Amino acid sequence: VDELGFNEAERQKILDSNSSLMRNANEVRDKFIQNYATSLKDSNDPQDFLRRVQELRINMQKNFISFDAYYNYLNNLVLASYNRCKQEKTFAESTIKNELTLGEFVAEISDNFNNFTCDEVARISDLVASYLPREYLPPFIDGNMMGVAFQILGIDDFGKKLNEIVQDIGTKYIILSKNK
């Protein structure tokens, strides 16, 4: 049937189904940045920058900013995607007699799983990274002080957690793609 291969329509269903955790994420980021992080640009010096980055983190906590939610959004999405492809995968192996044709569908299904999930993790990864707004960074800041700011703002730690999710996508890809 033509409802196999983890279709754009099936993919879109998992986006809308799971879209609540992401509601207004860019407007929230934009507004938080505008109200608390523009002054980073006026930092006097490297440690005054980091002092302002600490205060930014404190303002993030006081405003209940939380990356943990995006963590859950991705897990839910990945799971839901896995659950759809696994079902598709079964119904193809229950419905499709030519082994090579079945490969067609097993490869399409898992390749779209790998790509749909990995792109949503990158989108979320890019959004979380933007809470250290590049456009308000003082001209004297290097990659190393950005590194520390990433760590003080919670971004570095979110990255780790995002890495575990990409790792599970990779294992779910293994499962879903299991040769014929």
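So that there is no doubt, residue numbering starts at 1 and follows the sequence shown.
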Averaged over C-alpha atoms, is the B-factor higher for 116-124 or for 30-38 in this PDB entry? 116-124
Using only C-alpha atoms and the B-factors in the entry, which stretch averages higher, 52-60 or 140-148? 140-148
Tell me, lowest, middle or highest third: where does the Cα B factor of residue 44 rank within its chain? middle
Cα B factor band for residue 169 (lowest, middle or highest third within the chain): lowest
Relative C-alpha B-factor of residue 67, binned into the chain's lowest, middle or highest third: middle
